[PDB]
Amino acid sequence: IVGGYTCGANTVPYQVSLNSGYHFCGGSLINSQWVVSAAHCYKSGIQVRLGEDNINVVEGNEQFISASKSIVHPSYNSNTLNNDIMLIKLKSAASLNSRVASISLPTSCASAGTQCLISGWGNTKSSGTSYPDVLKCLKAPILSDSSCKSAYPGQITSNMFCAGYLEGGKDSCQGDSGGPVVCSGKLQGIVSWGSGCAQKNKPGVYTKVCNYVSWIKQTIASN
Ligand SMILES: [Ca+2]
């Protein structure tokens, strides 16, 4: 997250870290045994880390659970990043409380102008590299589809939305991928892609979760 603020320990209780020997992507806990992330975060051998703040220090609220199965969306296209969503089943159910909690799925899509919370352990610099060890947060609005398509001609599908600031300075970045965009207490987006981080006229692009609710619910019900 560039231009964000330190969330505070366990203030974003649905945020997960995906770990393969190191943190490589975020995700969101949507019930006691399932996480949603970005398909471009797919790899074998994932450990899901819940209850994290400092990802390099054991602080006492963590739960470390290996994945038992990963399901990339059937129509994911790695070249365009259309349908950039995947589900991860945990080998065992997590223990839910105030510091580790699921986030509700949306019943309706969010409209442009709605303010959302984006979080992650990604890079904090738009030029260069500095990775934080504690979770960072950013409040940002959903932008109009017209402005999103004008910033990224020919690249925005119906399964994507833009959020952030056209003036730059505040954005999600590398290492935030897969993490949540939460608006009015519902998971509306997944950190997906952008042209650099925090550049003028190049806001972040997010997977539009409301289009996938049926696929999520059907997949969970049978796996
Ligand atoms: Ca920790």
# chains A, B, ... in the order shown; residues from 1 in each chain; ligands from 1
$ closest_atom_pairs --of "chain A" --to "ligand 1" --cutoff "9 Å" --atoms "only C-alpha atoms and all ligand atoms" --output "CSV"
residue,atom,partner,partner_atom_place_in_ligand_line,distance
A:49,CA,ligand 1,1 (Ca),8.6
A:50,CA,ligand 1,1 (Ca),9.0
A:51,CA,ligand 1,1 (Ca),7.6
A:52,CA,ligand 1,1 (Ca),4.8
A:53,CA,ligand 1,1 (Ca),5.5
A:54,CA,ligand 1,1 (Ca),4.4
A:55,CA,ligand 1,1 (Ca),4.2
A:56,CA,ligand 1,1 (Ca),5.6
A:57,CA,ligand 1,1 (Ca),4.4
A:58,CA,ligand 1,1 (Ca),4.1
A:59,CA,ligand 1,1 (Ca),5.1
A:60,CA,ligand 1,1 (Ca),7.3
A:61,CA,ligand 1,1 (Ca),7.7
A:62,CA,ligand 1,1 (Ca),6.3
A:133,CA,ligand 1,1 (Ca),8.8
A:134,CA,ligand 1,1 (Ca),8.6
$ closest_atom_pairs --of "range 60-88 of chain A" --to "range 167-184 of chain A" --cutoff "10 Å" --atoms "only C-alpha atoms" --output "JSON lines"
{"residue": "A:84", "atom": "CA", "partner": "A:178", "partner_atom": "CA", "distance": 8.8}
{"residue": "A:85", "atom": "CA", "partner": "A:178", "partner_atom": "CA", "distance": 8.0}
{"residue": "A:86", "atom": "CA", "partner": "A:178", "partner_atom": "CA", "distance": 8.9}
$ residues_around --residues "residue 130 in chain A" --least-positions-apart "4" --cutoff "12 Å" --atoms "only C-alpha atoms" --output "ChimeraX atom specification"
/A:1-2,121-126,173-175
$ select_by_dssp --residues "range 60-155 of chain A" --states "strand (DSSP E)" --output "CSV table (one decimal) with N, CA, C and O atoms, in the first residue's frame"
chain,number,residue,atom,x,y,z
A,63,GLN,N,-3.0,-17.9,13.5
A,63,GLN,CA,-3.4,-19.3,13.2
A,63,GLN,C,-2.8,-19.6,11.8
A,63,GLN,O,-3.0,-18.9,10.9
A,64,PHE,N,-2.0,-20.6,11.8
A,64,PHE,CA,-1.3,-21.1,10.6
A,64,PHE,C,-1.9,-22.4,10.1
A,64,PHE,O,-1.9,-23.4,10.8
A,65,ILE,N,-2.5,-22.4,8.9
A,65,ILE,CA,-3.3,-23.5,8.4
A,65,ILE,C,-2.9,-23.7,7.0
A,65,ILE,O,-3.0,-22.8,6.2
A,66,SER,N,-2.6,-25.0,6.6
A,66,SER,CA,-2.2,-25.3,5.3
A,66,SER,C,-3.5,-25.4,4.4
A,66,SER,O,-4.6,-25.7,4.9
A,67,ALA,N,-3.3,-25.1,3.2
A,67,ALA,CA,-4.4,-25.3,2.2
A,67,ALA,C,-4.5,-26.7,1.8
A,67,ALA,O,-3.5,-27.4,1.7
A,68,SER,N,-5.8,-27.2,1.6
A,68,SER,CA,-6.0,-28.5,1.2
A,68,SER,C,-6.3,-28.6,-0.3
A,68,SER,O,-6.1,-29.6,-0.9
A,69,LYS,N,-6.9,-27.5,-0.9
A,69,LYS,CA,-7.3,-27.5,-2.3
A,69,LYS,C,-7.3,-26.0,-2.7
A,69,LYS,O,-7.7,-25.2,-1.9
A,70,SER,N,-6.9,-25.8,-3.9
A,70,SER,CA,-7.1,-24.4,-4.5
A,70,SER,C,-7.9,-24.6,-5.8
A,70,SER,O,-7.7,-25.6,-6.5
A,71,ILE,N,-8.8,-23.6,-6.0
A,71,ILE,CA,-9.6,-23.6,-7.2
A,71,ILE,C,-9.5,-22.3,-7.9
A,71,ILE,O,-10.1,-21.3,-7.4
A,72,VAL,N,-8.8,-22.2,-9.0
A,72,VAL,CA,-8.8,-21.0,-9.9
A,72,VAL,C,-10.0,-21.0,-10.7
A,72,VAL,O,-10.6,-22.0,-11.2
A,86,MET,N,-9.6,-16.7,-7.1
A,86,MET,CA,-9.5,-18.1,-6.8
A,86,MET,C,-9.9,-18.4,-5.3
A,86,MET,O,-9.9,-17.4,-4.5
A,87,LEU,N,-10.3,-19.6,-5.1
A,87,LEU,CA,-10.7,-20.0,-3.7
A,87,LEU,C,-9.7,-21.0,-3.2
A,87,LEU,O,-9.2,-21.8,-3.9
A,88,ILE,N,-9.5,-20.9,-1.9
A,88,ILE,CA,-8.6,-21.8,-1.2
A,88,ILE,C,-9.3,-22.4,0.0
A,88,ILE,O,-9.9,-21.7,0.8
A,89,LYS,N,-9.4,-23.8,0.0
A,89,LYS,CA,-9.9,-24.4,1.2
A,89,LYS,C,-8.8,-24.7,2.2
A,89,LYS,O,-7.7,-25.2,1.8
A,90,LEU,N,-9.1,-24.5,3.4
A,90,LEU,CA,-8.2,-24.8,4.5
A,90,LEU,C,-8.3,-26.2,5.0
A,90,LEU,O,-9.4,-26.8,5.0
A,115,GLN,N,-16.9,4.6,-0.6
A,115,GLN,CA,-15.6,4.5,0.0
A,115,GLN,C,-15.3,3.1,0.5
A,115,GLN,O,-16.2,2.5,1.2
A,116,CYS,N,-14.1,2.6,0.2
A,116,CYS,CA,-13.7,1.3,0.6
A,116,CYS,C,-12.4,1.3,1.3
A,116,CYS,O,-11.6,2.3,1.3
A,117,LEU,N,-12.1,0.2,2.0
A,117,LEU,CA,-10.9,-0.1,2.7
A,117,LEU,C,-10.1,-1.1,2.0
A,117,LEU,O,-10.6,-2.2,1.8
A,118,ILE,N,-8.8,-0.8,1.7
A,118,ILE,CA,-7.9,-1.7,1.0
A,118,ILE,C,-6.7,-1.9,2.0
A,118,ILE,O,-6.3,-1.0,2.6
A,119,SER,N,-6.3,-3.2,2.1
A,119,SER,CA,-5.2,-3.5,3.1
A,119,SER,C,-4.2,-4.5,2.5
A,119,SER,O,-4.6,-5.3,1.6
A,120,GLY,N,-3.0,-4.4,3.0
A,120,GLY,CA,-2.0,-5.4,2.7
A,120,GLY,C,-0.6,-5.1,3.2
A,120,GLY,O,-0.4,-4.1,3.8
A,136,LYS,N,-0.9,-2.5,6.4
A,136,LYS,CA,-1.2,-1.1,6.0
A,136,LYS,C,-2.6,-1.0,5.4
A,136,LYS,O,-3.0,-2.0,4.8
A,137,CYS,N,-3.2,0.1,5.5
A,137,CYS,CA,-4.6,0.4,5.2
A,137,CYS,C,-4.7,1.6,4.3
A,137,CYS,O,-3.9,2.5,4.4
A,138,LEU,N,-5.7,1.6,3.4
A,138,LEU,CA,-5.9,2.7,2.6
A,138,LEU,C,-7.4,2.9,2.4
A,138,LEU,O,-8.1,1.9,2.0
A,139,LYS,N,-8.0,4.0,2.6
A,139,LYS,CA,-9.4,4.3,2.2
A,139,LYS,C,-9.4,5.0,0.8
A,139,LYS,O,-8.6,5.9,0.6
A,140,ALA,N,-10.2,4.4,-0.1
A,140,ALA,CA,-10.2,4.9,-1.4
A,140,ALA,C,-11.6,4.7,-2.0
A,140,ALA,O,-12.3,3.7,-1.7
A,141,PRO,N,-12.0,5.5,-2.9
A,141,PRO,CA,-13.4,5.4,-3.6
A,141,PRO,C,-13.3,4.5,-4.8
A,141,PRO,O,-12.3,4.5,-5.5
$ atom_distance --atom1 "CA of residue 21 in chain A" --atom2 "CA of residue 195 in chain A"
27.4 Å
$ residues_around --residues "residue 142 in chain A" --least-positions-apart "3" --cutoff "9 Å" --atoms "only C-alpha atoms" --output "list in words"
residues 110, 111, 112, 113, 114, 115, 116, 145, 161, 162, 163 and 164 of chain A
$ atom_distance --atom1 "CA of residue 157 in chain A" --atom2 "CA of residue 201 in chain A"
18.0 Å
$ closest_residue --among "A:191, A:205, A:7, A:103" --to "residue 148 in chain A" --atoms "only C-alpha atoms"
A:205
$ select_by_dssp --residues "range 16-204 of chain A" --states "helix (DSSP H, G or I)" --output "ChimeraX atom specification"
/A:39-41,145-151
$ write_last_selection --atoms "C-alpha atoms" --output "mmCIF file, in the first residue's frame"
data_model
loop_
_atom_site.group_PDB
_atom_site.id
_atom_site.type_symbol
_atom_site.label_atom_id
_atom_site.label_comp_id
_atom_site.auth_asym_id
_atom_site.auth_seq_id
_atom_site.Cartn_x
_atom_site.Cartn_y
_atom_site.Cartn_z
ATOM 1 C CA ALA A 39 -5.931 -16.334 -9.367
ATOM 2 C CA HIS A 40 -2.616 -14.721 -10.289
ATOM 3 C CA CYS A 41 -1.506 -15.614 -6.753
ATOM 4 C CA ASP A 145 -16.420 2.890 -15.181
ATOM 5 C CA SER A 146 -15.989 5.723 -17.694
ATOM 6 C CA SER A 147 -12.924 7.049 -15.856
ATOM 7 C CA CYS A 148 -11.561 3.535 -15.367
ATOM 8 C CA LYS A 149 -11.871 2.715 -19.068
ATOM 9 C CA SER A 150 -10.398 6.100 -20.030
ATOM 10 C CA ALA A 151 -7.319 5.354 -17.884
#
$ closest_residue --among "A:11, A:143, A:27, A:44" --to "residue 190 in chain A" --atoms "only C-alpha atoms"
A:27
